[PDB]
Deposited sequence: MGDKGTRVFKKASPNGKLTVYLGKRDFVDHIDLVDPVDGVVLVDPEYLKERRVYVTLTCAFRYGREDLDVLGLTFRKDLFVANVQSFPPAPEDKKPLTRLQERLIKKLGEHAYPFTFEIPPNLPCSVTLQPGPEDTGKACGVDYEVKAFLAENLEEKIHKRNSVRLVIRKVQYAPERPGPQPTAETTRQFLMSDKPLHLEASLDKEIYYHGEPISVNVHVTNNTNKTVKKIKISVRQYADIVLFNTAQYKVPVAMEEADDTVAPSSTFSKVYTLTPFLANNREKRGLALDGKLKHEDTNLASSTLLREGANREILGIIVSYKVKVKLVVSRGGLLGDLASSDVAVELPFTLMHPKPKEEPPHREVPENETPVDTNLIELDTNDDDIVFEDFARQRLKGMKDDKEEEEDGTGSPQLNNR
């Protein structure tokens, strides 16, 4: 039936239940983090149960950190209940789990960065979301690790396909020791693409020169800018098609090329922004960072964007190129207990 993900604290006395691992950001709002926390009463002994949701930017090795910045923290006291309406899943889970199952809910602000991990090779950085449930007498009391449970949830970006005009074409005019120019014009089929979806690139060349285009290189490039702790810029090709298609002198050429950027091909590449850990199978290339008008760019930690590049290799050699921006999003999303740990393949 309904899949519910759970994780227990090391001692087994505190257990957290969530409906999903990935909470979709719909730009306007984010899926609520609706969960339940079960507690052992003999072990409770008149202690409070807290649940914390943290969004943090981290920089440095996973394995005392080098850098960590909390971008958002939300705390809720689940036991005793604090002076909110429950969801279908929470109501269904309390009935099944019993009188010691207490609800927790967080509303993730939409302006926060989506989950992103940047692998720089043999160091790392990223934005992570963590649900932490723990039992204690107050927030000021230092927590015992066996009395706490940590679940790494993700915020993933989804945007609906653009209802409007076609994506604008990119052009370039270049003179190649010539009286008249070579005109390169390219366009993409859509503005928004999802992970695993092919990208079609409509290439148009009006070569009014006496030179010949010997080949056409089509590629998808990821651009990842680190904007916290250590300002840096990465550029990684994530898809490449080298076509041996020529454009004769004084001639017009037109062709549609299709490419699909896949993480599977770029596991070895460095400076690559992913939407999760490389070890987890549900990880894809990072989605494009949506920049709202007047938003603080710095507090997003890592800014990801994509472009398709169309390069014409000319004989003499020389290069004529255009770059086409596009948005890469997470695909449209979609009682038995399951472990929260994400699978590797």
* **Deposited sequence positions missing from the model - stretches, numbered from 1, in order** => 1 to 4, 68 to 71, 92 to 94, 134 to 137, 332 to 339, 358 to 385, 397 to 418
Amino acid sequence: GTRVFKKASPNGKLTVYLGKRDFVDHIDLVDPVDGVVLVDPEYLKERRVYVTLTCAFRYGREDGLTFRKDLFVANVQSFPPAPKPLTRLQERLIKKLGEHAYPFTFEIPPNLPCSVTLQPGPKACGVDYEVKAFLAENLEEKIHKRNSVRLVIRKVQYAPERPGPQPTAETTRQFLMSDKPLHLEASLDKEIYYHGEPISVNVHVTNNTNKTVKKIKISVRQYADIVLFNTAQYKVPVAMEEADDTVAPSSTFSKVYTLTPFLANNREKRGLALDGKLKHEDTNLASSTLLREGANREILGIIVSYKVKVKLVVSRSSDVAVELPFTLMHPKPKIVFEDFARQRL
From here on, numbers count along this sequence of modelled residues.
* Stretch exceeding the other in mean C-alpha B-factor - 33 to 41, 283 to 291 -> 33 to 41
* Asked: Should the higher mean CA B-factor in the entry be assigned to 267 to 275 or to 147 to 155?
  -> 267 to 275
* Asked: At the C-alpha atoms, which of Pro249, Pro237, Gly196, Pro120 reaches the highest B-factor in this entry?
  -> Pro120
* Choose from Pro113, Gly126, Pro181, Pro163 the residue with the greatest Cα B-factor as stated in the PDB record. => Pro163
* Third of the chain, ranked by Cα B-factor, where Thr87 sits -> highest
* Can you tell me which third, lowest, middle or highest, the CA B-factor of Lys255 falls into for its chain? -> lowest
* Asked: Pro80's Cα B-factor: lowest, middle or highest third of the chain?
  -> highest
* **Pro333 - which third its CA temperature factor falls in, relative to the rest of the chain** => highest
* Thinking about Cα B factors across the chain, which third does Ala243 belong to? -> middle
